[PDB]
Amino acid sequence: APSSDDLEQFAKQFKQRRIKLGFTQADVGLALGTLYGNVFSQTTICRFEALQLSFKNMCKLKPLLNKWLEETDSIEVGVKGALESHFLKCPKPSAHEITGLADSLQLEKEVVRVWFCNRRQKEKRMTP
DNA sequence: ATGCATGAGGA
DNA sequence: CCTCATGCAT
């Protein structure tokens, strides 16, 4: 398995080469469908180039992007800041903390619950 | 490039 | 409920 440094260098050189070939991020994502039956979105290609995915996600995707390379050659600021503050304190809130913070902050419980799942996921990105 | 979301899968 | 991989919509 690759180091974080391996994946960083791979990402850099993947991006350089995609741009040089004049393909867009969506182009690559689509071609992974066309060529390998594994379609991906522009969002996914973008995150991969920015290392904004988990280490394991990055590792699963790298060989796929490598094959492609080989071949071709809302919530408001008042609310947000507060949400962030609590996260630094309690990153994993109980369904009561959640429902509690939700109404007090005037948001649906489900919007608050998902915000915390996403915030937790971000921290697990190779570069958050 | 990013914010909020879905849904499969698991303790 | 969560983690996780993933993307629609912005």
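Within every chain, numbering begins at 1; the chains are lettered A, B, ... in the order of the sequence lines, protein sequences first and strands thereafter. No hydrogens, no waters, no symmetry mates; every other heavy atom, side chains included, goes into these values.
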**Message:** Please verify the inter-ring angle class for A/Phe87 with A/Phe116; under 30° counts as parallel, over 60° as perpendicular, anything in between as tilted.
**Reply:** tilted
**Request:** Could you tell me whether A/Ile98 contacts a base, only the sugar-phosphate backbone, or nothing, with contacts defined as non-hydrogen atoms closer than 4.0 Å?
**Result:** sugar-phosphate
**Asked** Does A/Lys122 place a side-chain N or O at less than 4.0 Å from the phosphate oxygens OP1/OP2 of B/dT2?
**Response** no
**Item:** Interatomic distance, A/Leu64 CG vs C/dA5 P [rounded to whole Å]
**Value:** 15 Å
**Prompt:** What is the distance from CD of A/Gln42 to P of C/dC8, rounded to the nearest Å?
**Reply:** 10 Å
**Request:** Ignoring backbone atoms, test whether A/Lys124 places a side-chain nitrogen or oxygen under 4.0 Å from the OP1 or OP2 oxygen of C/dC4.
**Result:** yes
**Spacing of CD1 belonging to A/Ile98 relative to NE2 belonging to A/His86, to within rounding of 0.5 Å** = 12.5 Å
**Prompt:** Using a cut-off of 4.0 Å on non-hydrogen atoms, how would the nucleic acid contact of A/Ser94 be classed: base, sugar-phosphate, or nothing?
**Reply:** nothing
**Complete:** Between CD of A/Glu97 and P of C/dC1 the distance, given in whole Å, is 14 Å
**Message:** Please pick, from B/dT2, C/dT6, C/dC2, the nucleotide with the shortest atom-to-atom distance to any side-chain atom of A/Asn57.
**Reply:** C/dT6
**Prompt:** Quick one: is C/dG7 close enough that its OP1 or OP2 comes under 4.0 Å of any side-chain N or O from A/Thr43?
**Reply:** no
Polar atoms only, N or O, under 3.5 Å: list the protein pairs with nucleotides 4-8 of chain B and their distances.
unit_1, atom_1, unit_2, atom_2, d
B/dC4, OP1, A/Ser74, OG, 2.5
B/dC4, OP1, A/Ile75, N, 3.1
B/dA5, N7, A/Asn118, ND2, 2.9
B/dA5, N6, A/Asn118, OD1, 2.7

**Request:** Say whether A/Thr24 and A/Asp27, considering side chains only, have a donor N or O and an acceptor N or O under 3.5 Å apart.
**Result:** yes
**Message:** Check this for me, if you would: do A/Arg119 and A/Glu84 make a salt bridge, where the nitrogen-to-carboxylate-oxygen distance has to be below 4.0 angstrom?
**Reply:** yes
**Prompt:** How would you label the contact of A/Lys109 with the nucleic acid (heavy atoms, under 4.0 Å): base, sugar-phosphate, or nothing?
**Reply:** sugar-phosphate
**Request:** Any chance you could lay out the ring-ring contact (aromatic ring centres under 6.0 Å, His included) test for A/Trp68 and A/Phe23, step after step, and finish with the verdict?
**Result:** CA-CA 12 Å; A/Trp68 180 82; A/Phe23 287 87; 5.4 Å; yes
**Flag if over 12 foreign heavy atoms under 6.0 Å of CD, A/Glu123** = yes
